[PDB]
Amino acid sequence: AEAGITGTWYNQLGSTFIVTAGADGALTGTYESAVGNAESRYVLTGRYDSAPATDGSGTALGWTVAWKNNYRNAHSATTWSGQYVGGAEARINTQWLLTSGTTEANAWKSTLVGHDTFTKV
Amino acid sequence: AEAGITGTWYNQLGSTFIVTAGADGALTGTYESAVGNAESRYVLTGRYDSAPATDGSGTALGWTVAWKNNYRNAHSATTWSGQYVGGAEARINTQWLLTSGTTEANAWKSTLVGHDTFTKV
Amino acid sequence: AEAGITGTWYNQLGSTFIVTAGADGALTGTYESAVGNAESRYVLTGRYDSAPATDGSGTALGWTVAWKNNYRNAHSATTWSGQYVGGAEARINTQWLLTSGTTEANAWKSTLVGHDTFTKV
Amino acid sequence: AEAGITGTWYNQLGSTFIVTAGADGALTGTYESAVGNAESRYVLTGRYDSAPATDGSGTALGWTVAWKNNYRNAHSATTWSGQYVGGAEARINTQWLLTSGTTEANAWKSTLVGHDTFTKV
Amino acid sequence: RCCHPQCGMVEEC
Amino acid sequence: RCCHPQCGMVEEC
Amino acid sequence: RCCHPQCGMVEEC
Amino acid sequence: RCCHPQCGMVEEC
């Protein structure tokens, strides 16, 4: 459901991401703050199942955002893995991994894990 | 960096991934199980920190692969999150999340977590 | 807050767990189904920070449940890691890892990851 | 099994954990950084499958350590989830979650994820 | 629907 | 409060 | 053995 | 180097 995924999504932390789902399974867009100021916009790229099951299952997808743009660099990257569920109350349920660039000594604490639920409202 | 990441990488499980690191943080390539086999090749897209710290820290990156191509579809997607470490023994240490498209009832068991280490040899 | 943690908790999946927080940082109890039938009760043991910060931070804790009792055995174990937050709407926010006993060949898909929010109501 | 798990284990990071596997699935012991140093010893408690499959599968287990003892307190807790594999090269392969007590504002970055491999040598 | 203790399984499947 | 882009950071800290 | 692309699946199952 | 019990901390920081 490329038509179902394409659009603006909001999470519970105050972040917004606009994405376009290509017919070829590509996901491209921008991840930004609620405000949308230029310094807080980051490129996002991912992939999704462009031919999901028809037994009522969700649509598997994932995307990545490296936290660097033309204004700032947080030397880290986050990947979201989850599935899109359509309907009147459509949502994208995800779990993410945030990895920071670290020295070998700090590699053990380089990755944070969490979960985000995105809605169209 | 770009020059360091671009190339062919091998994991400890029998998979090979060829990637090209773009000047502005883009990661593009193919993830495959066996060479010379079209049915086992999948598109991968991701992002990396194109201007990492110079204090000896790794380079943060991440990429996604939706397990569907022109021949097969596993209705799932995997995202790898980690960092590239250069040197004579260069490698990419990652943690990954594999999410399968599921019904609402099976959503609780939709995501697998693991870790892969990729080397140039 | 041993007094705050001790009691009955409910998650969003229909599971119930009764726990007693010892003054020594010990967590002991039972994890069961909403119904509470004998065949669905499992032993749980864990640990918690018995002297948390007083700056408004949550109380770190974790527990484990091996899915075997005197009636059934699912050859798996789940560990919940998170923190307790007190107040009128007290809750325990967690992320869990469910590992199943597998052969070496299936070890890569032996661990599921998710998240649970437990409330007193 | 019980006899196989009971004993001293070492991870690849410099930590040592001594554990005793009870006949009914209990795991009890100590997690320490350096021997002969009281300030680095912490209590650990967990559970394991005391009747694993006999098809060559691993033994599911998990344990928790709250990072507080009679001398120090890191206001955090780690849970390890994994399986024990017997043999001449016996080991315990795990994935772990480290949760720190945080304020509501920092809850999103409260949990770290990683993996440890423990060996008898 | 639920065939594992974690999702609240009551009766075996 | 938020000093990382992921938690919705608007202004640098 | 391996039936998913990730564990290096070559031939279908 | 290591300031948390998990990475094998021996002496306080």
# chains A, B, ... in the order shown; residues from 1 in each chain; ligands from 1
>>> residues_around(residues="stretch 2-10 of chain E", least_positions_apart="3", cutoff="8 Å", atoms="only C-alpha atoms", output="PyMOL selection string")
(chain B and resi 105-106+108) or (chain C and resi 13-15+32-35+37+39-40+67+74) or (chain E and resi 13)
>>> residues_around(residues="stretch 47-51 of chain D", least_positions_apart="6", cutoff="6 Å", atoms="only C-alpha atoms", output="number ranges by chain")
C: 66; D: 25-27, 60-62
>>> write_last_selection(atoms="C-alpha atoms", output="tab-separated table (two decimals), in the first residue's frame")
chain	number	residue	atom	x	y	z
C	66	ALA	CA	11.77	-19.38	32.18
D	25	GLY	CA	15.21	-23.80	37.27
D	26	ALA	CA	16.77	-21.30	39.67
D	27	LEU	CA	19.92	-19.38	38.80
D	60	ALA	CA	17.13	-21.22	27.33
D	61	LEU	CA	18.02	-18.99	30.27
D	62	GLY	CA	18.18	-15.43	31.53
>>> atom_distance(atom1="atom CA of residue A:78", atom2="atom CA of residue A:96")
6.7 Å
>>> decode(residues="chain F", atoms="C-alpha atoms", output="compact mmCIF listing (two decimals), in the first residue's frame")
# COMPACT_ATOMS: atom_id res chain seq x y z
CA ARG F 1 15.80 18.75 27.80
CA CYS F 2 16.33 17.25 24.34
CA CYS F 3 19.94 17.45 23.12
CA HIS F 4 19.73 14.90 20.31
CA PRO F 5 17.87 15.22 16.97
CA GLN F 6 15.81 12.11 17.63
CA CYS F 7 13.90 13.49 20.61
CA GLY F 8 12.77 16.46 18.53
CA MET F 9 15.65 18.85 19.20
CA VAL F 10 14.95 22.30 17.73
CA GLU F 11 17.75 24.48 19.10
CA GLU F 12 21.26 23.24 19.87
CA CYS F 13 22.23 22.88 23.53
